[PDB]
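What follows is a set of notes on a single structure, which appears directly below.
When we count neighbours, we look across all protein chains shown, and the Cβ atoms used for this are built from the backbone with ideal geometry, even at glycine. Each answer follows from the model by the rule given with it, or from the source it names; nothing here is a laboratory result.
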Ligand SMILES: NS(=O)(=O)c1ccc(Nc2cc(OCC3CCCCC3)nc3ncnn23)cc1
C-alpha cells in the first residue's frame with residue numbers, strides 16, 4: 001500500500017475500491033484493489049488466481065497480504081466496455097469488432113473454464129479494452145473468494161442484468177454455463193445498443209427473461225420446476241423471435257446467441273464449442289477508435 005501512489009479512483013466493486021496507482025519503486029502503473037473484509041481460504045483461492053494467466057485475462061501481478069489487510073495489484077487497462085459502448089452509441093460498435101471482442105472473451109472463458117474457475121459476475125464494467133484491439137476479463141475468480149452481496153460497500157446496487165436464470169431460481173451450484181449466459185447477454189447488448197434484460201429486482205429480472213425467452217418448463221429445462229425459487233404460479237409467457245430480439249444480427253450470430261441463452265445450463269453452449277461456431281469463420285482483430 002505504501003509501495004503505491006494512488007492516482008485516482010476508477011471503480012468500486014463488490015469487494016472494495018479500485019485505484020489507478022503507481023508503484024513507487026519500479027514505476028509500474030497498476031490497478032490497485034483493496035479488498036473489504038484475511039481468511040486462510042481467501043488467501044489460498046486468490047493465490048491460485050496468480051497462476052491463471054492468459055492474454056484475455058487481466059494479469060494479477062501481486063497479492064499483498066500485509067498488516068492483516070489484502071491488496072490485489074492488477075495489470076492496468078484504460079477503459080471498460082460500458083464506457084466504449086456509450087462512446088460508440090450513435091453508430092454502434094462495428095460488427096467485426098463485436099465479433100473480435102466476443103471471440104477473445106470466449107478464449108479467456110475457455111481458458112478459465114478448463115481450469116474449473118468461473119467468473120460468476122461478468123458485466124460491461126469488468127470487460128476491459130486496450131488500444132491494441134484486445135479485450136480482457138477483470139476480477140476473474142474473485143466472487144468465489146469474497147461473495148457477491150446485494151449492495152457494494154458504498155451502497156451501490158449490484159446489477160442483476162447478466163445473471164443466469166439458474167442463479168435467479170436459487171441453484172447453489174454454479175457451473176461455467178453462468179458465464180456463457182452473461183456473455184450472451186453482453187453480446188446482445190453490443191449488437192442492439194440496449195441491455196437485453198435490465199431487471200431491477202430478482203423477480204423483475206426473471207420475468208424479463210421469461211417475456212423474451214418464454215417461461216421455462218419441463219420440456220425446455222428438465223428439473224426447472226423443482227428448483228428452490230421456482231413457483232407454479234409464475235405466469236406462463238410464450239417465447240419471442242430472436243429475429244425480433246437482436247436485429248440486425250445475422251443468422252450465424254443469432255444461432256450462436258440462442259445457444260448461449262439456452263435455459264438448461266447443460267444444453268447451453270460451452271466457451272470451447274462456441275469458438276468453433278460458424279459465426280467466427282471470418283473473425284479478425286480490428287483496432288478500435290479509443291479516446292483516453
Ligand atoms: N470507466 S473507464 O472506462 O474510464 C475505466 C474502466 C476501467 C479501468 N481500469 C480498471 C478497472 C477495474 O475495475 C473493474 C471494475 C469491475 C466492476 C466493478 C468495479 C470495478 N479493474 C481493472 N484492472 C485493470 N484495470 N482496471 C480504467 C478506466
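Scan segment 56-73 for residues that are within 14 Å of the ligand (Cβ to nearest atom) and part of a loop (DSSP other than H, G, I, E, B) and jot them down.
56, 58, 59
Counting just the residues of segment 15-50 that are in a loop (DSSP other than H, G, I, E, B) and in contact with a strand residue (DSSP E or B) (Cβ under 9 Å, 6 or more places away or on another chain), which one comes out surrounded by the most Cβ atoms within 10 Å (Cβ to Cβ)?
Among residues in segment 15-50 that are in a loop (DSSP other than H, G, I, E, B) and in contact with a strand residue (DSSP E or B) (Cβ under 9 Å, 6 or more places away or on another chain), the one surrounded by the most Cβ atoms within 10 Å (Cβ to Cβ) is 15.
Would you confirm, using the coordinates I've provided, whether residue 99 is outside the structural domain of residue 122 (by CATH) and either touching a helix residue (DSSP H, G or I) at 6+ places or on another chain (Cβ under 8 Å) or more than 14 Å from the ligand (Cβ to nearest atom) (or both)?
Taking the combined requirement at face value, the residue does not satisfy it.
Among the candidates 80, 139, 121, 86, single out the residue that is within 14 Å of the ligand (Cβ to nearest atom) and on the phi > 0 side of the Ramachandran plot.
Working: 80 fails: on the phi > 0 side of the Ramachandran plot; 121 fails: on the phi > 0 side of the Ramachandran plot; 86 fails: on the phi > 0 side of the Ramachandran plot.
Of 80, 139, 121, 86, the one residue that is within 14 Å of the ligand (Cβ to nearest atom) and on the phi > 0 side of the Ramachandran plot is 139.
Give the residues of segment 257-292 that are closer than 20 Å to residue 114 by Cβ and assigned to a helix (DSSP H, G or I), sorted by residue number.
If the condition is that a residue be closer than 20 Å to residue 114 by Cβ and assigned to a helix (DSSP H, G or I), then 259, 260, 271, 272, 273, 274, 275, 280 are the ones that fit.
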